[PDB]
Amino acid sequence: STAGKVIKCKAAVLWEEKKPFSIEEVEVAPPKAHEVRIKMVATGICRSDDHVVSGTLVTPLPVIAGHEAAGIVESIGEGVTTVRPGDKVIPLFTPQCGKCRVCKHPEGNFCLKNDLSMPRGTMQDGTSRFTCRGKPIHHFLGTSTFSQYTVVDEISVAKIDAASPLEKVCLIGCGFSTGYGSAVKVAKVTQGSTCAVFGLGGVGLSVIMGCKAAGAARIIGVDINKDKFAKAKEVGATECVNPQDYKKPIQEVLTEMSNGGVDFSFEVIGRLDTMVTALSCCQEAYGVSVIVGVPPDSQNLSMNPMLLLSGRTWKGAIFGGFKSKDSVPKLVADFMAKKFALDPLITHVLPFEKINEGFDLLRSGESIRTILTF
């Protein structure tokens, strides 16, 4: 009955960097051809949304952020074939158009229609479905989930299991899938290996889940916040180290612990120095290091190419290397089948209008994932 009409609803608008989110009355346009309007049910607070606030991650402002979510389709634009009204869906911050060179490649997942490489903060058609007091508000990675309703391109939404618990499976829209995929698909962690995981937030915990599932014998968590260690150990870390405890660099510590370097290292923080440390701590001849952390805007790292010439492999990935539309439904089905657990990532559940409390919890170190419910 809202189909074909403007919806007036509340959304959390970020007007300016380094300011609180502002709960505003917005108008959400109806979906145009090949667009889907979604009623949000749950959205997760991911450190990448905080990067927008901090200016680490540049995207046009003002913006409705939020990219880790699950909802129900309220209506569909002309030509939509992959979802219908009433369907449970997860928005895909990495699209899967199915037609570009990457979508056709067996391994690649970074679809050329993504709004990550050179963010415009629009729909695919280069316009916005959001207005606040006459002013257009930017989209974020084609998702924009910090709103009661959003509009996404059909290539940026997957239908999921009609019985799935949206307050849990929203994590499959980013943090779980990124971390788990980084281990099982990108690194391809092997049985009996030694893994080091830098950063023990939601995404690093999911890296640990991935390494345990892949049969790693040793999984060393690294965090400057020792409060993170207990939960890292619960999901499979065999050991945890705090670099602040040591009078020498942690790559030397991890090299001695691993008897000459780890098989697999993961940077899951977003700092240039830990990207180089994670590479250095993997074994010089056959080690693999995966960058998961989003670096600070426009900054270059410095590294010695002899770390690679010896044999190391260095790679990164978006969304755990998962082809998003193909994988997100299968990951939900796997969750429904008890193949992995999401409750260990969820430390707080707040109503949407307490979003700023949700971000305060993240910034303080006290949360892993806060889920915002509608």
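In this text, the rigid core denotes the largest set of C-alpha atoms whose superposition between the two forms falls within 1.5 Å. Just count from 1 along the sequence shown to find any residue number.
- Taking 92-100 and 258-266 in turn, the stretch whose Cα atoms are more displaced from the shown form in 4 other deposited structures of this protein following rigid core superposition is 258-266.
- Two stretches, 298-306 and 175-183, are weighed by how far their CA atoms sit from the shown form in 4 other deposited structures of this protein after rigid core superposition; the farther one is 298-306.
- When the two stretches 159-167 and 257-265 are set side by side, the higher mean Cα temperature factor goes to 159-167.
- Annotation for 247-255 versus 232-240: the higher mean temperature factor (C-alpha) is found in 247-255.
- In the deposited coordinates, the residue among 193, 109, 182, 75 with the greatest CA B-factor is 75.
- Between the residues 313, 310, 43, 54, it is 54 that shows the highest Cα B-factor in the PDB record.
- For residue 50, the recorded CA B-factor ranks within the lowest third of the chain. Only modelled residues enter the ranking.
- Placement of the Cα temperature factor of residue 284 within the chain: lowest third of the modelled residues, per the deposited record.
- In the deposited entry, the Cα temperature factor of residue 130 places it in the highest third of its chain's modelled residues.
- Ranked by Cα temperature factor within the chain, residue 298 sits in the highest third according to the deposited record.
- When the modelled residues of the chain are ordered by C-alpha B-factor, residue 350 sits in the highest third.
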